[PDB]
Protein chains: 4
Amino acid sequence: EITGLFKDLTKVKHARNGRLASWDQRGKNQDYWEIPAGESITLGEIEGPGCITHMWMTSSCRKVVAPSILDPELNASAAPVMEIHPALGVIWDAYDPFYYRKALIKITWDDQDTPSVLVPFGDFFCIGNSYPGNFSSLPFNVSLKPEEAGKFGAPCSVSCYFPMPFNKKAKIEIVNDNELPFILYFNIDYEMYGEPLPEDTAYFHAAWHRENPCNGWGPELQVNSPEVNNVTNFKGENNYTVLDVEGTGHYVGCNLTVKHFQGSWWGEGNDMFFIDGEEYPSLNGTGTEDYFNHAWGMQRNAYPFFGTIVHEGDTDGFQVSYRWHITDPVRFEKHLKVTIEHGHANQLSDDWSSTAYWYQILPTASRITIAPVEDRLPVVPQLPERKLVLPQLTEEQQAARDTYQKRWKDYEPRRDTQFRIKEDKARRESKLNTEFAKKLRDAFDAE
Amino acid sequence: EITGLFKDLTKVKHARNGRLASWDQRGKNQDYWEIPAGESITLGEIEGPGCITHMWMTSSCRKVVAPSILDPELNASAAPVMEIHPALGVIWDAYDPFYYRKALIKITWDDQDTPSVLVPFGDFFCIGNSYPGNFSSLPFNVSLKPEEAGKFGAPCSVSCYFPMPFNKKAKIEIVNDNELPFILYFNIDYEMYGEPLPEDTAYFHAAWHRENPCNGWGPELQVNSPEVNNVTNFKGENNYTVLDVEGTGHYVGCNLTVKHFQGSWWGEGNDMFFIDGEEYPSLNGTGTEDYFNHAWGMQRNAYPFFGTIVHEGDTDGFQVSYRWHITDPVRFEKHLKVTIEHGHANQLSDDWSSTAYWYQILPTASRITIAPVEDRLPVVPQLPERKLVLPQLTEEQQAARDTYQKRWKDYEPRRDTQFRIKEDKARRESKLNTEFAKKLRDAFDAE
Amino acid sequence: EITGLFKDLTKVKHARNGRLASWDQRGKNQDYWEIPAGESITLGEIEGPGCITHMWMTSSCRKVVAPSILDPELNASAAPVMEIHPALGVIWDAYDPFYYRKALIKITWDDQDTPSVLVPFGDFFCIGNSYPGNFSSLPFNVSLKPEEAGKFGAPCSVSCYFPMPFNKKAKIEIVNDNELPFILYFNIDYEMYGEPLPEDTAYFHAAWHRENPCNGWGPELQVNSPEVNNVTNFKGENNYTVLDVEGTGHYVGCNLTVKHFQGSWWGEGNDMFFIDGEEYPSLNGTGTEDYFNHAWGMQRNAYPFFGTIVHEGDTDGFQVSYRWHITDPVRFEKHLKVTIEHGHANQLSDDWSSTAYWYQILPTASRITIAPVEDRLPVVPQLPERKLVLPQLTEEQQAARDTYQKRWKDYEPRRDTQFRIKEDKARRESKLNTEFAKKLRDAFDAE
Amino acid sequence: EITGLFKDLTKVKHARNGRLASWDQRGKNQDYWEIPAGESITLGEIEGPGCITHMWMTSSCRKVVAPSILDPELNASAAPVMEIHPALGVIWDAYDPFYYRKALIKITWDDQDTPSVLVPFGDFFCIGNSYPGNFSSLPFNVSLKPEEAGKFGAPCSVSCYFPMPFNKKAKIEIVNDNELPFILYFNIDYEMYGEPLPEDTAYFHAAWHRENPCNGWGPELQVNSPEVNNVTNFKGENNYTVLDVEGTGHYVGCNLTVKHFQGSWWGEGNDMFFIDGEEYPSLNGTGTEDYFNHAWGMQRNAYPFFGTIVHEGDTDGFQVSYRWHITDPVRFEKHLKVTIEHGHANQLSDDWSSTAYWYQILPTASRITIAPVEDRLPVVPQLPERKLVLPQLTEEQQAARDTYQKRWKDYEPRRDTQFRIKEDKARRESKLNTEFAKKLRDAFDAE
Ligand SMILES: OC[C@H]1O[C@@H](O)[C@@H](O)[C@@H]1O
Ligand SMILES: OC[C@H]1O[C@@H](O)[C@@H](O)[C@@H]1O
Ligand SMILES: OC[C@H]1O[C@@H](O)[C@@H](O)[C@@H]1O
Ligand SMILES: OC[C@H]1O[C@@H](O)[C@@H](O)[C@@H]1O
Ligand SMILES: [Ca+2]
Ligand SMILES: [Ca+2]
Ligand SMILES: [Ca+2]
Ligand SMILES: [Ca+2]
């Protein structure tokens with residue numbers, strides 16, 4: 001009979017599709033949710049048994065910083081994002097650079113008392129450092145326009161093909177720790193099953209970590225100096241920790257964001273895997289790019305199972321990398337610790353953050369935590385404070401300043417009102433999304 | 001034991017390879033078929049049980065438009081396509097622009113009364129608008145030389161890796177509705193099985209559709225104006241129809257060719273899927289690029305499961321896109337309607353054409369039809385006619401024109417004869433292909 | 001329940017991960033082996049039952065050609081490869097151009113009296129002609145820096161995802177026929193199983209071949225001339241042979257390196273497959289790029305199942321191509337001969353070399369042999385020997401020459417000593433890798 | 001003493017700078033003129049003796065096609081050009097494609113009864129076919145953003161460094177034959193002399209011509225066919241005419257716009273120059289790209305004295321080329337005819353237009369004339385008429401259409417009012433420019 005990776009297309013399954021989407025439930029063209037500031041919102045709850053098969057999202061986070069001559073009430077029903085150059089003098093909706101780190105995606109399975117996915121919104125979808133890079137891999141993709149590329153908080157399309165099965169419940173939320181609301185478009189595709197999945201089905205988990213700085217013993221020594229290279233590290237007690245989880249499952253890989261400070265090479269450190277509580281690692285690697293299957297540094301390649309999302313050569317000292325263990329998972333019966341030396345023998349004190357992805361049987365024994373929002377922001381240089389003192393103003397210059405400020409006082413509250421109306425639609429459609437998914441489950445189960 | 005997408009490589013299967021190919025059955029180097037004008041030709045018939053595993057093709061359609069100083073009889077045995085610049089003045093075989101829409105690929109399973117695949121030759125192989133774009137995806141690939149790219153009817157290699165099981169019969173035909181013959185190279189690889197395929201085996205299906213113009217209510221209104229955006233559309237009675245099919249199976253995606261007329265954006269319309277006769281769509285999308293897993297327009301990306309084949313930014317207003325639902329298929333027990341609003345709430349009157357791909361158990365309940373050839377040609381701007389008046393001619397210029405017309409009246413019928421000869425080879429090898437596949441079937445079944 | 005190519009991620013397997021790596025077992029930052037000149041070295045032996053799931057390697061081979069002002073003893077403990085421009089006048093470690101062809105990879109399964117893999121180190125990893133090209137495919141990848149690309153012996157990352165099951169034993173070796181040692185970094189991942197694999201399990205095999213020159217009847221005749229194209233070849237006695245193997249299994253593809261001499265096109269020859277001892281080929285192709293799923297020449301494309309690794313357009317007359325038959329394998333019960341005509345009807349006398357990959361049930365019936373190292377080297381044009389005569393020397397010029405000669409006489413032997421020390425580390429780590437793999441085997445089976 | 005092309009920087013000149021500019025004479029930031037539709041406007045008149053040394057311009061011509069949610073009265077005081085994507089739904093100011101051909105630049109010297117420069121605005125500044133290309137040469141330059149390039153009527157900066165001496169008067173005018181007004185920014189630099197120039201001083205002249213179609217004897221014969229190539233032409237009576245002028249002076253070159261119809265090569269025709277009424281040309285060229293100092297076609301090169309502005313390989317069949325005879329001028333005592341064969345022996349019937357540049361002693365003997373606006377428009381292919389029909393409209397769709405039509409009824413006249421006010425400023429500043437230029441002249445002469 002039929003073999004190979006396409007074989008399942010040649011047999012029918014009695015499974016019912018459903019979809020959680022930001023679709024405009026007024027039937028109009030606002031097919032996005034305005035996610036409120038400082039709030040969690042449920043994209044949907046799905047009753048199992050079923051499986052998530054595909055996620056697509058895109059997003060925008062703009063801060064109103066100047067009055068516009070665009071009617072704000074009518075503007076609210078036009079295109080949702082005013083991609084208009086500030087030089088035209090007619091509007092200024094600035095880019096919020098770090099909104100991908102200020103928002104989390106949170107997934108809970110089977111009404112467990114802990115989430116199984118708790119990751120910044122960006123990093124989950126392989127946006128490191130809140131700074132998108134255009135790439136394709138087999139389970140994750142980012143479609144980023146070249147004219148939006150190379151800035152913090154650039155808009156782009158994200159897609160996830162990692163399957164997420166659940167016997168009883170799926171609850172998918174966005175946690176917005178931002179002071180600003182943001183626009184989220186999403187299509188979360190699943191299928192519902194007519195019979196339970198095997199009780200030992202492995203469920204999709206993801207967790208985020210940052211060490212900033214890494215606790216390096218030699219940050220001021222040149223990388224690859226004879227003195228650094230002859231230091232020993234076997235047990236890897238101080239290694240950067242990608243994942244430290246208790247249970248039965250397999251790790252399926254990571255993304256890694258590195259901001260490197262000395263301007264040599266951040267990546268001499270070995271991956272070291274500790275399976276099921278062993279004291280010394282059974283799986284020893286050779287270097288950090290080596291783990292990501294590049295060599296002599298990272299290259300501007302993004303391959304199905306590994307590579308570069310954002311290359312250091314294109315940025316102010318930061319790299320985003322990924323490797324998927326899809327046909328080569330790292331398996332564990334009791335425990336897995338995934339580590340990488342942060343520089344050779346933990347020499348360096350760079351800014352490392354990572355998303356770890358794994359599958360495991362429930363219950364989820366490890367309690368997944370997230371650093372608070374103030375520990376999630378990119379490290380960026382800052383212009384020194386310039387204490388501008390106004391020259392002597394003509395009456396004409398003072399009246400321009402006063403007229404503009406009066407426009408700003410009238411305009412900003414009118415935009416605020418339009419934001420509040422859209423946030424109301426989001427909270428309303430959150431409920432509707434869960435209600436329709438319940439109706440779909442019940443109608444499917446009834447036959 | 002062995003898991004992951006490569007696992008079937010680790011176990012033998014008692015199945016016998018065969019291949020339908022345009023190989024030169026004289027044993028010489030004309031390993032192509034001259035497909036005759038206005039005729040159908042059978043690439044081959046294969047007795048089941050078996051599965052199509054791979055198709056590769058390439059093609060050329062030239063029109064002789066000028067006399068050549070190349071001996072036409074010897075020229076017939078040189079390379080099959082005279083890629084010689086018209087400025088050399090020695091030959092002119094002009095490119096036929098729309099031959100990809102004028103020819104169909106037609107596949108009938110198990111001696112059914114209706115084809116299960118009836119699609120223009122281009123569109124089946126993800127050439128939209130008879131206008132190749134270079135790209136790769138998991139099931140379909142086009143390899144297009146940059147020097148041939150950017151023109152109607154460019155030569156290129158096409159490859160398909162969608163499996164096509166059949167229990168009783170496969171009949172693969174080209175329907176050439178062109179006034180010209182065209183050169184076809186092909187390799188269709190299949191394997192033969194020793195036992196029947198299960199009765200719930202889903203068979204490969206594809207069908208082509210166009211709405212030109214779409215029935216837009218606001219083609220002259222600016223896209224994303226507040227008036228357009230506050231129109232409602234829940235039921236999608238007037239949505240563009242990608243697929244409307246009765247049976248049990250699953251949709252596995254589409255290509256979509258859009259020629260956009262107003263010069264704004266064509267893509268605001270939501271995908272809406274109607275499963276198993278439901279009145280309101282159960283699967284609600286957010287936008288057309290969103291369905292194709294891009295955002296804020298389409299990008300010049302072609303990923304394994306989605307993207308752009310031909311970008312609007314490179315063309316005279318047209319886009320060719322695809323999405324594959326290989327791990328996330330849209331299943332149906334009785335019926336499936338795959339629709340997309342043509343602009344938000346079907347505002348727009350653009351030229352939309354699509355290839356829908358799906359698998360279903362037999363029988364093919366739905367008679368698959370195709371629009372006639374006059375309805376399949378790309379919409380292109382035309383130069384105004386120029387009623388050129390010859391100047392007063394010198395004797396020398398009159399002699400040149402007469403000598404050239406004489407050369408043309410001798411040369412064209414010599415080229416016509418060489419075409420007719422190659423067409424007799426194609427008709428001969430059609431029969432031989434089916435005879436050999438029968439020998440191979442009988443020898444395999446004897447052992 | 002769960003379907004599609006990711007499905008195996010949703011079930012746990014009670015299998016234990018292991019890895020053979022070049023990790024520094026002093027715990028320091030020499031995570032590479034200095035592979036000795038004219039020696040074989042075991043990367044590791046693993047006791048089955050198990051499966052290789054992933055290999056990553058990179059390599060460097062430099063010849064010391066000038067004295068350095070870098071302290072040679074300290075330099076041994078710095079970065080392993082001195083990528084320092086010779087115009088600085090401080091060091092010169094020249095690139096060894098053909099080391100990819102002078103070293104072999106050699107894999108023996110279940111203690112058989114033949115290796116099952118015996119292929120030049122480069123060709124195995126889809127580096128043809130000892131001349132890397134940057135590309136991705138589903139099973140094999142090369143990540144080559146653009147700065148390093150376009151030369152013989154360029155450093156690059158290689159990865160292999162073809163699974164390699166074994167019930168009793170895996171033995172992975174490098175055979176270095178080079179007069180120079182070379183640096184090898186490697187990570188070889190596998191999993192160990194608690195029960196045997198089915199005895200009918202198909203084992204990974206690969207073998208290498210070269211015809212230089214091919215035995216052409218008409219190398220001086222223009223390709224695609226009428227005289228060439230009307231020559232017949234049905235039976236393919238003189239076809240280039242990619243593979244000729246007795247057993248039960250399936251061919252999963254090749255790489256092919258062609259150096260072309262006449263400056264026209266090397267690729268008119270058809271693939272012809274002979275299954276189970278048939279006299280005439282049952283699988284006839286149409287041309288060599290056609291086999292590689294390109295058309296009208298090879299393109300600068302590398303797609304998941306086929307394409308170009310190195311494009312003839314970018315070199316001095318040579319191409320490196322691949323095709324993978326992963327979902328479309330060529331199966332055989334008794335025998336398989338994979339051939340391609342070398343030019344149409346074997347017209348041409350070019351330099352062809354290939355790696356064939358297949359799976360088969362044990363035993364390996366025939367010894368896999370390899371051409372000796374003198375027959376494995378790329379064909380490169382040579383500068384005529386420029387018999388330089390020194391002019392009359394000033395005393396200062398003579399003293400400069402003597403001083404330099406003297407530095408070289410002291411420096412070279414100090415670099416030799418440092419190579420011998422690293423070679424001793426490789427031989428020591430060879431034994432430790434096998435001992436650790438046995439400990440892991442025993443501790444796994446103990447549970 | 002000092003030599004070379006820089007030498008004149010080492011000697012002072014008792015000459016006064018002046019400048020005609022579109023500077024905002026309200027002292028605000030509208031430093032452009034809205035040139036009224038269907039009017040001429042004087043950029044300025046300058047009393048001699050003096051010399052124009054430098055001209056810079058840019059321009060914009062938008063058509064309001066949709067209602068804006070931008071307040072139009074406030075919008076008039078923001079940036080002058082709403083470079084805002086129509087897909088945002090907030091504004092639509094469409095590009096007018098042919099304004100470069102609908103407006104002329106007209107310069108009259110010494111109050112003569114003819115202009116000495118009468119050339120379409122675009123063509124004068126080496127914008128051919130109302131289609132800018134980015135380039136630099138010694139006397140003319142275009143700086144065109146890549147984002148704006150590849151479209152009719154793209155905004156770009158133009159600069160002219162040809163000197164224009166005048167003993168008595170310079171009058172510089174724009175002649176706007178467009179139905180639409182357009183924005184013009186300009187800076188025209190000159191110096192004023194304290195004594196007359198020698199009376200024999202040669203004055204700058206330019207004239208424009210178009211032959212569409214050219215009067216070809218053989219447009220349907222393949223270019224470079226032996227029949228075409230053996231037709232003779234010594235006297236060039238039917239040659240394309242770049243310049244045909246009576247006086248004493250020198251030709252300093254041309255730009256040439258060709259739209260080529262047969263898709264071979266337009267450029268086999270020789271330049272032939274007839275000096276001082278000779279019957280047979282004394283200067284015989286070899287081909288059209290040869291005249292332009294390219295070969296085997298035109299290249300994407302733009303060099304100080306010659307090259308390509310717009311390359312045929314980037315357009316729908318049209319090329320724009322230039323040559324400057326700055327050190328190699330073509331001198332005449334009584335008469336010059338500059339001709340080029342329109343294809344070999346005037347075979348072809350393509351669309352040729354040119355700007356000829358020359359210097360000559362006054363008087364300008366013959367009126368410089370120009371084809372009327374309807375004879376100046378690029379030849380472009382036209383889409384067939386779409387004859388859309390509205391479907392049956394919902395009450396909602398009808399209400400949206402009525403609301404949008406009402407917004408447009410109100411909005412368009414509001415934009416018309418703002419254009420009329422800016423046109424009043426242009427007419428006002430025309431007078432002020434000439435008044436100020438007279439005050440400068442008188443103040444300088446007083447000194
Ligand atoms: O890729 C080989 C080695 O080169 C260096 O960049 C190290 O990080 C690595 O282990
Ligand atoms: O990608 C987000 C949204 O942007 C617009 O171009 C819409 O087509 C889409 O719904
Ligand atoms: O790809 C079509 C044909 O063109 C030539 O390059 C041949 O090698 C091939 O069979
Ligand atoms: O450049 C040499 C010759 O090549 C052809 O394109 C002719 O137009 C020209 O005279
Ligand atoms: Ca290391
Ligand atoms: Ca929408
Ligand atoms: Ca052939
Ligand atoms: Ca000529």
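Both ligands and their constituent atoms are indexed starting at 1 by order of listing. Note: hydrogens, waters and symmetry copies are ignored here, and every other heavy atom, side chains too, is used. Below, chains carry the letters A, B, ... as their sequence lines are ordered, and counting in each starts from 1.
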Quiz item: Hey, is the main chain of C:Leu221 close enough, under 3.5 Å, to the side chain of C:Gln347 for a donor-acceptor pair?
Solution: yes
Practice problem: Please indicate how many protein N/O/S atoms are found closer than 3.0 Å to the Ca ion (ligand 6), with waters neither displayed nor included. | Solution: 5
Self-check item: Any residue meeting salt bridge (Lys or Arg N to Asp or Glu O under 4.0 Å) with C:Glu312, in chain and number order, not counting sequence neighbours
Solution: none
Practice problem: Please work out whether the ring planes of C:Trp266 and C:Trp352 are parallel, tilted or perpendicular, with thresholds of 30° and 60°. | Solution: perpendicular
Self-check item: Any B:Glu34 side-chain heavy atom under 4.5 Å of B:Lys425 side chain
Solution: no
Quiz prompt | Salt bridge flag under 4.0 Å for residues B:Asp271 and A:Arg19 | solution = yes
Self-check item: Derivation of the side-chain contact (heavy atoms from CB on, under 4.5 Å) call for B:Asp290 and A:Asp31
Solution: CA-CA 10 Å; B:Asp290 302 352; A:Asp31 297 295; 5.8 Å; no
Exercise. Answer yes or no: does atom CZ of C:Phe234 have more than 12 heavy-atom neighbours from other residues, nucleotides or ligands under 6.0 Å?
Key: yes
Quiz item: Do C:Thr308 and C:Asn301 come close enough that some side-chain heavy atom pair is under 4.5 Å?
Solution: no
Quiz prompt | Set of ring pair (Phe, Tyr, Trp, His ring centres under 6.0 Å) partners for A:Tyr185, sequence neighbours left out | solution = A:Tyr32, B:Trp296
Quiz item: Can you name the residues that come within less than 4.0 Å of ligand 4, going by heavy atoms only?
Solution: D:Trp265, D:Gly267, D:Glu268, D:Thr286, D:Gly287, D:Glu289, D:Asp290, D:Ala295, D:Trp296, D:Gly297
